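This is data-v1.txt (compact mmCIF, N, CA and C atoms and all ligand atoms).
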```txt
# COMPACT_ATOMS: atom_id res chain seq x y z
N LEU A 1 0.86 -1.20 0.00
CA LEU A 1 0.00 0.00 0.00
C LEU A 1 0.90 1.25 0.00
N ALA A 2 1.00 1.91 -1.17
CA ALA A 2 1.71 3.19 -1.29
C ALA A 2 0.80 4.32 -0.77
N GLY A 3 1.04 4.74 0.49
CA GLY A 3 0.25 5.78 1.13
C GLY A 3 1.02 6.43 2.27
N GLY A 4 2.03 7.25 1.90
CA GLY A 4 2.87 7.96 2.87
C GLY A 4 2.17 9.18 3.48
N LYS A 5 1.35 9.87 2.67
CA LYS A 5 0.59 11.07 3.10
C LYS A 5 -0.71 10.67 3.81
N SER A 6 -1.23 11.59 4.65
CA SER A 6 -2.42 11.41 5.50
C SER A 6 -2.19 10.38 6.63
N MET A 7 -2.63 10.75 7.86
CA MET A 7 -2.51 9.91 9.07
C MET A 7 -1.02 9.70 9.45
N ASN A 8 -0.53 10.57 10.34
CA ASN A 8 0.89 10.60 10.75
C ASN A 8 1.23 9.37 11.63
N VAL A 9 1.85 8.36 10.99
CA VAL A 9 2.16 7.06 11.61
C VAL A 9 3.07 7.20 12.85
N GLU A 10 4.02 8.17 12.81
CA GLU A 10 5.04 8.36 13.88
C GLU A 10 4.38 8.57 15.26
N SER A 11 3.32 9.40 15.28
CA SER A 11 2.53 9.70 16.49
C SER A 11 1.96 8.42 17.10
N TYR A 12 1.42 7.56 16.22
CA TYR A 12 0.76 6.31 16.59
C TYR A 12 1.78 5.26 17.02
N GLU A 13 2.93 5.24 16.35
CA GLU A 13 4.02 4.29 16.57
C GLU A 13 4.50 4.35 18.04
N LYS A 14 4.80 5.59 18.49
CA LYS A 14 5.32 5.82 19.83
C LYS A 14 4.23 5.61 20.90
N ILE A 15 2.98 6.09 20.67
CA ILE A 15 1.87 5.97 21.66
C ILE A 15 1.46 4.49 21.84
N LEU A 16 1.64 3.69 20.77
CA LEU A 16 1.44 2.22 20.81
C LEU A 16 2.44 1.59 21.78
N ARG A 17 3.72 1.99 21.64
CA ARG A 17 4.79 1.53 22.54
C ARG A 17 4.53 1.99 24.00
N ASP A 18 4.08 3.25 24.18
CA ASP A 18 3.76 3.80 25.52
C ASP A 18 2.65 2.96 26.19
N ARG A 19 1.61 2.66 25.39
CA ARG A 19 0.41 1.92 25.83
C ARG A 19 0.74 0.46 26.18
N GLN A 20 1.58 -0.19 25.35
CA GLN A 20 1.86 -1.62 25.53
C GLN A 20 2.73 -1.85 26.77
N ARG A 21 3.67 -0.91 27.05
CA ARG A 21 4.67 -1.07 28.12
C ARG A 21 4.05 -0.84 29.51
N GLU A 22 3.16 0.16 29.61
CA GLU A 22 2.41 0.40 30.87
C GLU A 22 1.50 -0.81 31.18
N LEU A 23 0.87 -1.36 30.12
CA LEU A 23 0.03 -2.57 30.23
C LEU A 23 0.89 -3.83 30.45
N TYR A 24 2.14 -3.83 29.92
CA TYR A 24 3.10 -4.95 30.06
C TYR A 24 3.49 -5.09 31.52
N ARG A 25 3.98 -3.99 32.13
CA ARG A 25 4.46 -3.99 33.53
C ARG A 25 3.29 -4.23 34.51
N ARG A 26 2.07 -3.83 34.06
CA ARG A 26 0.81 -4.10 34.78
C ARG A 26 0.61 -5.62 34.97
N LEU A 27 0.69 -6.38 33.86
CA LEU A 27 0.51 -7.86 33.90
C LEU A 27 1.83 -8.59 34.20
N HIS A 28 2.98 -7.87 34.14
CA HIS A 28 4.32 -8.41 34.50
C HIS A 28 4.65 -8.14 35.97
N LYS A 29 3.62 -7.82 36.78
CA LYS A 29 3.75 -7.57 38.24
C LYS A 29 4.45 -8.75 38.98
N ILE A 30 4.32 -9.97 38.41
CA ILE A 30 4.93 -11.20 38.96
C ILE A 30 6.48 -11.16 38.87
N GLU A 31 6.99 -10.65 37.74
CA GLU A 31 8.43 -10.66 37.41
C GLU A 31 9.05 -9.26 37.55
N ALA A 32 8.21 -8.25 37.85
CA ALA A 32 8.64 -6.85 38.01
C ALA A 32 8.20 -6.33 39.37
N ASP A 33 9.15 -6.32 40.33
CA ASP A 33 8.97 -5.69 41.65
C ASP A 33 8.93 -4.16 41.50
N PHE A 34 9.68 -3.68 40.50
CA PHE A 34 9.82 -2.25 40.19
C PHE A 34 8.59 -1.75 39.42
N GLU A 35 7.89 -0.77 40.01
CA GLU A 35 6.72 -0.11 39.37
C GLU A 35 6.93 1.43 39.33
N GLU A 36 7.90 1.92 40.15
CA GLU A 36 8.23 3.35 40.35
C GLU A 36 7.06 4.15 41.02
N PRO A 37 7.37 5.20 41.86
CA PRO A 37 6.34 6.13 42.39
C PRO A 37 5.55 6.83 41.25
N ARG A 38 6.27 7.54 40.37
CA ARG A 38 5.70 8.17 39.16
C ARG A 38 6.60 7.85 37.94
N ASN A 39 7.67 8.66 37.75
CA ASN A 39 8.55 8.59 36.56
C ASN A 39 9.45 7.34 36.59
N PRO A 40 9.98 6.86 35.41
CA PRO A 40 11.00 5.77 35.38
C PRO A 40 12.34 6.19 36.01
N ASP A 41 12.51 7.52 36.26
CA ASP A 41 13.74 8.16 36.80
C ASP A 41 14.81 8.28 35.70
N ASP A 42 15.30 7.13 35.23
CA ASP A 42 16.32 7.04 34.16
C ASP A 42 15.68 7.24 32.77
N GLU A 43 16.49 7.05 31.72
CA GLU A 43 16.07 7.22 30.32
C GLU A 43 14.96 6.22 29.95
N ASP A 44 15.30 4.92 29.99
CA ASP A 44 14.43 3.82 29.52
C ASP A 44 15.08 2.45 29.82
N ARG A 45 14.26 1.50 30.31
CA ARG A 45 14.69 0.11 30.55
C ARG A 45 14.42 -0.73 29.29
N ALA A 46 15.38 -0.73 28.34
CA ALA A 46 15.24 -1.46 27.06
C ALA A 46 15.43 -2.98 27.27
N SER A 47 14.35 -3.62 27.78
CA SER A 47 14.27 -5.08 28.01
C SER A 47 12.82 -5.54 27.80
N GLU A 48 12.06 -4.75 27.01
CA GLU A 48 10.61 -4.94 26.85
C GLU A 48 10.30 -5.99 25.77
N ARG A 49 9.17 -6.72 25.95
CA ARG A 49 8.68 -7.77 25.03
C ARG A 49 9.74 -8.90 24.84
N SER A 50 10.64 -9.01 25.85
CA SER A 50 11.76 -9.96 25.85
C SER A 50 11.32 -11.34 26.39
N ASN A 51 10.10 -11.42 26.94
CA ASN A 51 9.53 -12.66 27.49
C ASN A 51 8.63 -13.32 26.42
N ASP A 52 9.18 -14.33 25.73
CA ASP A 52 8.45 -15.12 24.72
C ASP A 52 7.77 -16.32 25.40
N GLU A 53 6.77 -16.01 26.23
CA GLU A 53 5.91 -17.00 26.91
C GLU A 53 4.45 -16.50 26.91
N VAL A 54 3.51 -17.43 27.09
CA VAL A 54 2.08 -17.11 27.22
C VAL A 54 1.79 -16.58 28.63
N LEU A 55 2.00 -17.47 29.63
CA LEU A 55 1.77 -17.21 31.08
C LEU A 55 0.32 -16.76 31.41
N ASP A 56 -0.36 -17.59 32.21
CA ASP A 56 -1.79 -17.41 32.58
C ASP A 56 -1.97 -16.26 33.61
N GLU A 57 -0.87 -15.92 34.34
CA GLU A 57 -0.88 -14.81 35.33
C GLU A 57 -0.95 -13.42 34.66
N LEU A 58 -0.66 -13.35 33.35
CA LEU A 58 -0.82 -12.11 32.58
C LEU A 58 -2.32 -11.89 32.32
N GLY A 59 -2.82 -10.67 32.60
CA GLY A 59 -4.22 -10.31 32.35
C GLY A 59 -4.59 -10.46 30.88
N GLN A 60 -5.65 -11.24 30.58
CA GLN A 60 -6.05 -11.58 29.18
C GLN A 60 -6.46 -10.33 28.38
N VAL A 61 -7.05 -9.34 29.07
CA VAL A 61 -7.39 -8.03 28.48
C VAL A 61 -6.10 -7.31 28.02
N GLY A 62 -5.03 -7.43 28.83
CA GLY A 62 -3.75 -6.82 28.53
C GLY A 62 -3.02 -7.55 27.41
N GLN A 63 -3.05 -8.90 27.45
CA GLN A 63 -2.43 -9.77 26.42
C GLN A 63 -3.06 -9.51 25.04
N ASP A 64 -4.41 -9.42 25.02
CA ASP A 64 -5.21 -9.20 23.81
C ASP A 64 -4.96 -7.80 23.25
N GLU A 65 -4.87 -6.82 24.17
CA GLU A 65 -4.62 -5.41 23.84
C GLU A 65 -3.21 -5.27 23.23
N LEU A 66 -2.25 -5.99 23.83
CA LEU A 66 -0.83 -6.02 23.42
C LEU A 66 -0.65 -6.75 22.09
N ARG A 67 -1.53 -7.73 21.82
CA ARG A 67 -1.55 -8.47 20.54
C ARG A 67 -2.04 -7.53 19.41
N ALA A 68 -3.02 -6.68 19.75
CA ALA A 68 -3.58 -5.67 18.84
C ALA A 68 -2.56 -4.55 18.57
N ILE A 69 -1.80 -4.18 19.63
CA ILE A 69 -0.70 -3.19 19.54
C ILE A 69 0.47 -3.77 18.73
N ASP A 70 0.75 -5.06 18.95
CA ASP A 70 1.86 -5.78 18.27
C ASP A 70 1.57 -5.92 16.77
N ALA A 71 0.29 -6.17 16.44
CA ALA A 71 -0.19 -6.27 15.05
C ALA A 71 -0.08 -4.90 14.35
N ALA A 72 -0.45 -3.84 15.09
CA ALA A 72 -0.40 -2.45 14.61
C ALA A 72 1.05 -2.00 14.34
N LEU A 73 1.96 -2.30 15.29
CA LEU A 73 3.41 -2.01 15.19
C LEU A 73 4.07 -2.82 14.06
N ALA A 74 3.53 -4.03 13.82
CA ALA A 74 3.99 -4.93 12.75
C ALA A 74 3.57 -4.39 11.37
N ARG A 75 2.38 -3.74 11.30
CA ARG A 75 1.91 -3.04 10.09
C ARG A 75 2.83 -1.85 9.77
N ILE A 76 3.33 -1.17 10.83
CA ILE A 76 4.27 -0.03 10.68
C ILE A 76 5.61 -0.54 10.12
N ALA A 77 6.07 -1.68 10.68
CA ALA A 77 7.28 -2.41 10.23
C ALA A 77 7.13 -2.92 8.78
N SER A 78 5.88 -3.22 8.38
CA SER A 78 5.53 -3.66 7.02
C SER A 78 5.31 -2.45 6.08
N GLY A 79 5.10 -1.26 6.68
CA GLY A 79 4.86 -0.02 5.93
C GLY A 79 3.41 0.16 5.48
N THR A 80 2.50 -0.67 6.03
CA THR A 80 1.07 -0.68 5.66
C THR A 80 0.18 -0.49 6.92
N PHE A 81 0.68 0.30 7.90
CA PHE A 81 -0.16 0.82 9.00
C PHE A 81 -1.26 1.74 8.44
N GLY A 82 -2.44 1.68 9.07
CA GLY A 82 -3.63 2.36 8.56
C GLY A 82 -4.32 1.53 7.49
N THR A 83 -4.21 0.20 7.61
CA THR A 83 -4.89 -0.76 6.72
C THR A 83 -5.63 -1.84 7.56
N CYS A 84 -6.97 -1.84 7.47
CA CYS A 84 -7.84 -2.89 8.02
C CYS A 84 -7.50 -4.21 7.36
N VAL A 85 -6.81 -5.10 8.10
CA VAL A 85 -6.45 -6.46 7.64
C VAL A 85 -7.71 -7.28 7.28
N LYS A 86 -8.81 -6.98 7.98
CA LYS A 86 -10.10 -7.70 7.85
C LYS A 86 -10.90 -7.21 6.62
N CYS A 87 -10.40 -6.14 5.97
CA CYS A 87 -10.96 -5.60 4.71
C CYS A 87 -9.93 -5.63 3.56
N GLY A 88 -8.63 -5.62 3.92
CA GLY A 88 -7.56 -5.33 2.97
C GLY A 88 -7.63 -3.88 2.45
N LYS A 89 -8.19 -2.97 3.27
CA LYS A 89 -8.51 -1.57 2.86
C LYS A 89 -8.05 -0.58 3.95
N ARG A 90 -8.14 0.72 3.65
CA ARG A 90 -7.61 1.82 4.50
C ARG A 90 -8.45 1.99 5.82
N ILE A 91 -7.79 2.48 6.89
CA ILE A 91 -8.41 2.83 8.20
C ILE A 91 -8.66 4.36 8.27
N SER A 92 -9.68 4.78 9.05
CA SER A 92 -9.95 6.20 9.32
C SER A 92 -8.87 6.77 10.28
N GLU A 93 -8.46 8.03 10.06
CA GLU A 93 -7.51 8.73 10.95
C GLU A 93 -8.14 8.96 12.34
N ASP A 94 -9.48 9.16 12.34
CA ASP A 94 -10.28 9.31 13.58
C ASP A 94 -10.31 8.01 14.39
N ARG A 95 -10.33 6.88 13.66
CA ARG A 95 -10.22 5.54 14.26
C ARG A 95 -8.90 5.39 15.01
N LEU A 96 -7.79 5.84 14.38
CA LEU A 96 -6.43 5.64 14.92
C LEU A 96 -6.05 6.67 15.99
N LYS A 97 -6.64 7.88 15.95
CA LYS A 97 -6.37 8.91 16.99
C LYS A 97 -7.07 8.52 18.30
N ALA A 98 -8.23 7.83 18.16
CA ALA A 98 -9.01 7.30 19.30
C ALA A 98 -8.42 5.96 19.79
N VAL A 99 -8.06 5.10 18.84
CA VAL A 99 -7.51 3.75 19.10
C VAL A 99 -6.56 3.35 17.94
N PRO A 100 -5.20 3.58 18.10
CA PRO A 100 -4.20 3.18 17.08
C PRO A 100 -3.90 1.66 17.08
N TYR A 101 -4.41 0.96 18.12
CA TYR A 101 -4.18 -0.48 18.33
C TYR A 101 -5.39 -1.29 17.89
N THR A 102 -5.87 -0.99 16.68
CA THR A 102 -6.91 -1.78 16.03
C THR A 102 -6.46 -2.14 14.59
N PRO A 103 -6.27 -3.46 14.28
CA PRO A 103 -6.04 -3.93 12.89
C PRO A 103 -7.34 -3.94 12.06
N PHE A 104 -8.46 -3.54 12.70
CA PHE A 104 -9.79 -3.55 12.10
C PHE A 104 -10.31 -2.10 11.99
N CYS A 105 -11.09 -1.83 10.93
CA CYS A 105 -11.79 -0.54 10.77
C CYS A 105 -13.03 -0.53 11.68
N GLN A 106 -13.61 0.66 11.96
CA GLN A 106 -14.74 0.79 12.93
C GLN A 106 -15.96 -0.05 12.51
N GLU A 107 -16.12 -0.24 11.19
CA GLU A 107 -17.12 -1.16 10.60
C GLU A 107 -16.94 -2.59 11.17
N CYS A 108 -15.68 -3.10 11.08
CA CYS A 108 -15.32 -4.44 11.58
C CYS A 108 -15.37 -4.49 13.13
N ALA A 109 -14.92 -3.41 13.79
CA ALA A 109 -14.86 -3.31 15.27
C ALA A 109 -16.27 -3.38 15.89
N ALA A 110 -17.25 -2.77 15.19
CA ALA A 110 -18.67 -2.79 15.59
C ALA A 110 -19.35 -4.10 15.15
N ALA A 111 -18.76 -4.78 14.14
CA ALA A 111 -19.25 -6.07 13.62
C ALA A 111 -18.67 -7.28 14.38
N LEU A 112 -17.69 -7.03 15.28
CA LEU A 112 -17.09 -8.09 16.13
C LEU A 112 -18.14 -8.66 17.12
ZN ZN B 201 -12.71 -3.60 8.07
```

Starting from the coordinates I provided, produce the structure as structure tokens.
Amino acid sequence: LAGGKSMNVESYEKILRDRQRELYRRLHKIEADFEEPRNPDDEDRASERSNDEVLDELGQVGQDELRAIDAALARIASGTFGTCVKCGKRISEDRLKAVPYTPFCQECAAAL
């Protein structure tokens, strides 16, 4: 999909990472004693998504949300972010500003 213009992917790319990591440490409470008072203090703990396991102690809402974020980030890596996989067609910019972690258009999201 040649579509560089419209819907600024960079904004969505970073907010997807922000969303997945806060939800990651939320369900990684078992393996992460560190939650911090507010800020991370330092720059960044680059050890994220390094656990290639299912684990039932992870919240299913978080796992599913992170799967949707992972699919969205994978579309960015593929260069076809802003494409409903369930249509093979373009996504609304309003869809992605509200929820960038949907591989489905609002038509499909309401049809789920
Ligand atoms: Zn769709």

| task | Report as a list in words: the residues of chain A with a DSSP assignment of strand (DSSP E), based on the backbone of this structure. | result |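 Secondary structure check on chain A, strand (DSSP E): residues 83, 84, 89 and 90 of chain A.
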
| query | Looking at A:28, A:96, A:101, A:85, which one is nearest to ligand ZN 201 (chain B), with distances taken over only C-alpha atoms and all ligand atoms? | reply |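 Counting only C-alpha atoms and all ligand atoms, the residue closest to ligand ZN 201 (chain B) is A:85.
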
For ligand ZN 201 (chain B), return the neighbouring residues as a PDB file with N, CA and C atoms, in the coordinates of the input (distance at most 8 Å; all atoms listed in the file).
```
ATOM      1  N   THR A  83      -4.210   0.200   7.610  1.00  0.00           N
ATOM      2  CA  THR A  83      -4.890  -0.760   6.720  1.00  0.00           C
ATOM      3  C   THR A  83      -5.630  -1.840   7.560  1.00  0.00           C
ATOM      4  N   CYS A  84      -6.970  -1.840   7.470  1.00  0.00           N
ATOM      5  CA  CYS A  84      -7.840  -2.890   8.020  1.00  0.00           C
ATOM      6  C   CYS A  84      -7.500  -4.210   7.360  1.00  0.00           C
ATOM      7  N   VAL A  85      -6.810  -5.100   8.100  1.00  0.00           N
ATOM      8  CA  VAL A  85      -6.450  -6.460   7.640  1.00  0.00           C
ATOM      9  C   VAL A  85      -7.710  -7.280   7.280  1.00  0.00           C
ATOM     10  N   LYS A  86      -8.810  -6.980   7.980  1.00  0.00           N
ATOM     11  CA  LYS A  86     -10.100  -7.700   7.850  1.00  0.00           C
ATOM     12  C   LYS A  86     -10.900  -7.210   6.620  1.00  0.00           C
ATOM     13  N   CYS A  87     -10.400  -6.140   5.970  1.00  0.00           N
ATOM     14  CA  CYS A  87     -10.960  -5.600   4.710  1.00  0.00           C
ATOM     15  C   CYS A  87      -9.930  -5.630   3.560  1.00  0.00           C
ATOM     16  N   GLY A  88      -8.630  -5.620   3.920  1.00  0.00           N
ATOM     17  CA  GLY A  88      -7.560  -5.330   2.970  1.00  0.00           C
ATOM     18  C   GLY A  88      -7.630  -3.880   2.450  1.00  0.00           C
ATOM     19  N   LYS A  89      -8.190  -2.970   3.270  1.00  0.00           N
ATOM     20  CA  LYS A  89      -8.510  -1.570   2.860  1.00  0.00           C
ATOM     21  C   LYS A  89      -8.050  -0.580   3.950  1.00  0.00           C
ATOM     22  N   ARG A  90      -8.140   0.720   3.650  1.00  0.00           N
ATOM     23  CA  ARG A  90      -7.610   1.820   4.500  1.00  0.00           C
ATOM     24  C   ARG A  90      -8.450   1.990   5.820  1.00  0.00           C
ATOM     25  N   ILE A  91      -7.790   2.480   6.890  1.00  0.00           N
ATOM     26  CA  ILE A  91      -8.410   2.830   8.200  1.00  0.00           C
ATOM     27  C   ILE A  91      -8.660   4.360   8.270  1.00  0.00           C
ATOM     28  N   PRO A 103      -6.270  -3.460  14.280  1.00  0.00           N
ATOM     29  CA  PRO A 103      -6.040  -3.930  12.890  1.00  0.00           C
ATOM     30  C   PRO A 103      -7.340  -3.940  12.060  1.00  0.00           C
ATOM     31  N   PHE A 104      -8.460  -3.540  12.700  1.00  0.00           N
ATOM     32  CA  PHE A 104      -9.790  -3.550  12.100  1.00  0.00           C
ATOM     33  C   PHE A 104     -10.310  -2.100  11.990  1.00  0.00           C
ATOM     34  N   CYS A 105     -11.090  -1.830  10.930  1.00  0.00           N
ATOM     35  CA  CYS A 105     -11.790  -0.540  10.770  1.00  0.00           C
ATOM     36  C   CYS A 105     -13.030  -0.530  11.680  1.00  0.00           C
ATOM     37  N   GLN A 106     -13.610   0.660  11.960  1.00  0.00           N
ATOM     38  CA  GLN A 106     -14.740   0.790  12.930  1.00  0.00           C
ATOM     39  C   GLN A 106     -15.960  -0.050  12.510  1.00  0.00           C
ATOM     40  N   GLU A 107     -16.120  -0.240  11.190  1.00  0.00           N
ATOM     41  CA  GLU A 107     -17.120  -1.160  10.600  1.00  0.00           C
ATOM     42  C   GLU A 107     -16.940  -2.590  11.170  1.00  0.00           C
ATOM     43  N   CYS A 108     -15.680  -3.100  11.080  1.00  0.00           N
ATOM     44  CA  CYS A 108     -15.320  -4.440  11.580  1.00  0.00           C
ATOM     45  C   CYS A 108     -15.370  -4.490  13.130  1.00  0.00           C
ATOM     46  N   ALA A 109     -14.920  -3.410  13.790  1.00  0.00           N
ATOM     47  CA  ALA A 109     -14.860  -3.310  15.270  1.00  0.00           C
ATOM     48  C   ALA A 109     -16.270  -3.380  15.890  1.00  0.00           C
TER      49      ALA A 109
END
```

| query | For residue 23 in chain A, which of A:62, A:82, A:100, A:4 is the closest residue, counting only C-alpha atoms? | reply |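 Using only C-alpha atoms, residue 23 in chain A sits closest to A:62.
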
| request: Would you mind listing what lies within 8 Å of range 65-74 of chain A as JSON, numbers by chain, with all atoms listed in the file counted and same-chain residues fewer than 6 positions away left out? | output: {"A": [12, 13, 16, 17, 19, 20, 21, 23, 24, 59, 80, 81, 82, 100, 101, 102, 103]}

| field | Residue among A:18, A:42, A:79, A:27 lying closest to residue 54 in chain A, counting only C-alpha atoms | value |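 The closest residue to residue 54 in chain A is A:27.
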
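Proximity ranking of A:9, A:1, A:43, A:58 relative to residue 76 in chain A places A:9 first, based on only N, CA and C atoms.
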
| field | For residue 30 in chain A, the nearest of the candidates A:44, A:10, A:57, A:52, counting all atoms listed in the file | value |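 Checking each of A:44, A:10, A:57, A:52 against residue 30 in chain A, counting all atoms listed in the file, the winner is A:57.
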
| said: Can you measure CA of residue 39 in chain A to CA of residue 98 in chain A for me? One decimal in Å is fine. | reply: 24.7 Å

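For the pair CA of residue 48 in chain A and CA of residue 11 in chain A, the separation is 19.7 Å.
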
| said: What does the structure give for the distance between atom C of residue 40 in chain A and atom N of residue 64 in chain A, in Å to one decimal? | reply: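 Computing the Euclidean distance for atom C of residue 40 in chain A and atom N of residue 64 in chain A yields 25.4 Å.
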
As a PDB file, keeping the file's coordinate frame, the rebuilt range 78-96 of chain A with N, CA, C and O atoms:
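Below is the file selection-v3.pdb, written as the result:
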```
ATOM      1  N   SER A  78       5.880  -3.220   8.380  1.00  0.00           N
ATOM      2  CA  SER A  78       5.530  -3.660   7.020  1.00  0.00           C
ATOM      3  C   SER A  78       5.310  -2.450   6.080  1.00  0.00           C
ATOM      4  O   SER A  78       5.329  -2.604   4.857  1.00  0.00           O
ATOM      5  N   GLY A  79       5.100  -1.260   6.680  1.00  0.00           N
ATOM      6  CA  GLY A  79       4.860  -0.020   5.930  1.00  0.00           C
ATOM      7  C   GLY A  79       3.410   0.160   5.480  1.00  0.00           C
ATOM      8  O   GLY A  79       3.125   1.021   4.640  1.00  0.00           O
ATOM      9  N   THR A  80       2.500  -0.670   6.030  1.00  0.00           N
ATOM     10  CA  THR A  80       1.070  -0.680   5.660  1.00  0.00           C
ATOM     11  C   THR A  80       0.180  -0.490   6.920  1.00  0.00           C
ATOM     12  O   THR A  80      -0.925  -1.041   7.030  1.00  0.00           O
ATOM     13  N   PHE A  81       0.680   0.300   7.900  1.00  0.00           N
ATOM     14  CA  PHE A  81      -0.160   0.820   9.000  1.00  0.00           C
ATOM     15  C   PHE A  81      -1.260   1.740   8.440  1.00  0.00           C
ATOM     16  O   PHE A  81      -1.024   2.486   7.472  1.00  0.00           O
ATOM     17  N   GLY A  82      -2.440   1.680   9.070  1.00  0.00           N
ATOM     18  CA  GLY A  82      -3.630   2.360   8.560  1.00  0.00           C
ATOM     19  C   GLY A  82      -4.320   1.530   7.490  1.00  0.00           C
ATOM     20  O   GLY A  82      -4.914   2.086   6.569  1.00  0.00           O
ATOM     21  N   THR A  83      -4.210   0.200   7.610  1.00  0.00           N
ATOM     22  CA  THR A  83      -4.890  -0.760   6.720  1.00  0.00           C
ATOM     23  C   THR A  83      -5.630  -1.840   7.560  1.00  0.00           C
ATOM     24  O   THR A  83      -4.988  -2.591   8.307  1.00  0.00           O
ATOM     25  N   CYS A  84      -6.970  -1.840   7.470  1.00  0.00           N
ATOM     26  CA  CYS A  84      -7.840  -2.890   8.020  1.00  0.00           C
ATOM     27  C   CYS A  84      -7.500  -4.210   7.360  1.00  0.00           C
ATOM     28  O   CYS A  84      -7.819  -4.397   6.181  1.00  0.00           O
ATOM     29  N   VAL A  85      -6.810  -5.100   8.100  1.00  0.00           N
ATOM     30  CA  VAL A  85      -6.450  -6.460   7.640  1.00  0.00           C
ATOM     31  C   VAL A  85      -7.710  -7.280   7.280  1.00  0.00           C
ATOM     32  O   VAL A  85      -7.686  -8.102   6.361  1.00  0.00           O
ATOM     33  N   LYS A  86      -8.810  -6.980   7.980  1.00  0.00           N
ATOM     34  CA  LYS A  86     -10.100  -7.700   7.850  1.00  0.00           C
ATOM     35  C   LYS A  86     -10.900  -7.210   6.620  1.00  0.00           C
ATOM     36  O   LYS A  86     -11.938  -7.773   6.289  1.00  0.00           O
ATOM     37  N   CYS A  87     -10.400  -6.140   5.970  1.00  0.00           N
ATOM     38  CA  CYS A  87     -10.960  -5.600   4.710  1.00  0.00           C
ATOM     39  C   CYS A  87      -9.930  -5.630   3.560  1.00  0.00           C
ATOM     40  O   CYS A  87     -10.311  -5.654   2.387  1.00  0.00           O
ATOM     41  N   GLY A  88      -8.630  -5.620   3.920  1.00  0.00           N
ATOM     42  CA  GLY A  88      -7.560  -5.330   2.970  1.00  0.00           C
ATOM     43  C   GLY A  88      -7.630  -3.880   2.450  1.00  0.00           C
ATOM     44  O   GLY A  88      -7.168  -3.596   1.340  1.00  0.00           O
ATOM     45  N   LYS A  89      -8.190  -2.970   3.270  1.00  0.00           N
ATOM     46  CA  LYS A  89      -8.510  -1.570   2.860  1.00  0.00           C
ATOM     47  C   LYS A  89      -8.050  -0.580   3.950  1.00  0.00           C
ATOM     48  O   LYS A  89      -7.692  -1.003   5.040  1.00  0.00           O
ATOM     49  N   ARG A  90      -8.140   0.720   3.650  1.00  0.00           N
ATOM     50  CA  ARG A  90      -7.610   1.820   4.500  1.00  0.00           C
ATOM     51  C   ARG A  90      -8.450   1.990   5.820  1.00  0.00           C
ATOM     52  O   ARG A  90      -9.642   1.657   5.855  1.00  0.00           O
ATOM     53  N   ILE A  91      -7.790   2.480   6.890  1.00  0.00           N
ATOM     54  CA  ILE A  91      -8.410   2.830   8.200  1.00  0.00           C
ATOM     55  C   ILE A  91      -8.660   4.360   8.270  1.00  0.00           C
ATOM     56  O   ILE A  91      -7.940   5.136   7.653  1.00  0.00           O
ATOM     57  N   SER A  92      -9.680   4.780   9.050  1.00  0.00           N
ATOM     58  CA  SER A  92      -9.950   6.200   9.320  1.00  0.00           C
ATOM     59  C   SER A  92      -8.870   6.770  10.280  1.00  0.00           C
ATOM     60  O   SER A  92      -8.428   6.077  11.194  1.00  0.00           O
ATOM     61  N   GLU A  93      -8.460   8.030  10.060  1.00  0.00           N
ATOM     62  CA  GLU A  93      -7.510   8.730  10.950  1.00  0.00           C
ATOM     63  C   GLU A  93      -8.140   8.960  12.340  1.00  0.00           C
ATOM     64  O   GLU A  93      -7.446   8.936  13.356  1.00  0.00           O
ATOM     65  N   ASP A  94      -9.480   9.160  12.340  1.00  0.00           N
ATOM     66  CA  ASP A  94     -10.280   9.310  13.580  1.00  0.00           C
ATOM     67  C   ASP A  94     -10.310   8.010  14.390  1.00  0.00           C
ATOM     68  O   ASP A  94     -10.315   8.041  15.630  1.00  0.00           O
ATOM     69  N   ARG A  95     -10.330   6.880  13.660  1.00  0.00           N
ATOM     70  CA  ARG A  95     -10.220   5.540  14.260  1.00  0.00           C
ATOM     71  C   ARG A  95      -8.900   5.390  15.010  1.00  0.00           C
ATOM     72  O   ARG A  95      -8.883   4.916  16.139  1.00  0.00           O
ATOM     73  N   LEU A  96      -7.790   5.840  14.380  1.00  0.00           N
ATOM     74  CA  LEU A  96      -6.430   5.640  14.920  1.00  0.00           C
ATOM     75  C   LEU A  96      -6.050   6.670  15.990  1.00  0.00           C
ATOM     76  O   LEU A  96      -5.211   6.376  16.843  1.00  0.00           O
TER      77      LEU A  96
END
```
